[PDB]
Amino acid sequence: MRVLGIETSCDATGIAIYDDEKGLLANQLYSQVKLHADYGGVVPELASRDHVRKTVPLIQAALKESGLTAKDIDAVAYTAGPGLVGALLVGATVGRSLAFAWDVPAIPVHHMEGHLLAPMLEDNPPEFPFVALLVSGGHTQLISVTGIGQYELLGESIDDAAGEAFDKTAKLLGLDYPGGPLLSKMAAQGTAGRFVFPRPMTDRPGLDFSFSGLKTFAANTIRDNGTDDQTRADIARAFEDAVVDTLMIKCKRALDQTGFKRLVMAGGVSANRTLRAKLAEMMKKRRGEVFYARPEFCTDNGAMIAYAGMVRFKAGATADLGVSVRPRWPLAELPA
């Protein structure tokens, strides 16, 4: 089969076509990054407006790219949440009505299930069961995954998620929003150990996370130290290493608790080159395996929605004529 997948949950418009035989037939993406960069965050109304300008043309360009016509599409999938109500509504109305007009089933997709499954799009997808690390802008969870929709929350952040933590310390360092990818690059020219940040919630057992203490620890360090590019880079690396090591330690503990030998890494922060190497090294020493998506599928993208749409269609999750979005949509609520 073939599933058209539509992603507009936040600040990026994504359209893909997934073929369960041939693979990925189309991938289209428009990022609104420079729309919101002057505001220091995503302005909801400006996001909602640009999705209206991009959704349809990107859909046209995906069918055009793929050389496919409407009859070649067996289902239409769209992100129903979580995300900005305003953004999610663009993708879901176009999607629901496009499926109505094509007379094919419509498939509402959970955005985080999307990230979680994106690694299934590479060579050698992980088999169930696995531990999953979901590290994004607003979410940082450890999950025990035994199958589709069998997602048990092992751990989560009680305050800032890792991504926002990267974005907030990146801003203190004077970088564009979102600065997480830019702090990481800045940190590449940092001296290891020059500064030493805490690894939060690693002195007691447990699998929950806390990162808000790192912003303060970074801010305080930038304030008592030089402004030369090198010292800035030294703080950036101190911050990265701290986050990466915190996530690593937590992943270890979750693999220990569950007994699983497979670690799935997901969300925007999973693009982080330092965290990829580190997780990959740890699973070697454990005689197990790490899985993550190509960097482009870590951040928001339509391809993961065309895939998870495919998966949920096979699992019976079609929608009636109603359209509904869920800006807050707990992963725990997805049925099996």
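Sequential numbering from 1, following the sequence displayed.
Just going by the entry, 301-309 versus 60-68 on mean CA temperature factor gives the higher value to 60-68.
Higher mean CA B-factor, judged across 76-84 and 163-171 from the recorded values: 163-171. Of the candidates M186, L116, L247, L98, it is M186 whose Cα B-factor is highest according to the PDB record.
For the set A242, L134, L263, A192, the PDB entry puts the maximum C-alpha B factor at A192. The PDB entry assigns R276 a C-alpha temperature factor belonging to the middle third of its chain's modelled residues. Per-chain ranking of the deposited C-alpha B factor places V104 in the lowest third.
Per the PDB record, residue ranking by Cα B-factor puts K252 in the middle third of the chain. The deposited CA B-factor of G259 belongs to the middle third of values across its chain. In the PDB entry, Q230 places in the highest third of its chain by CA B-factor.
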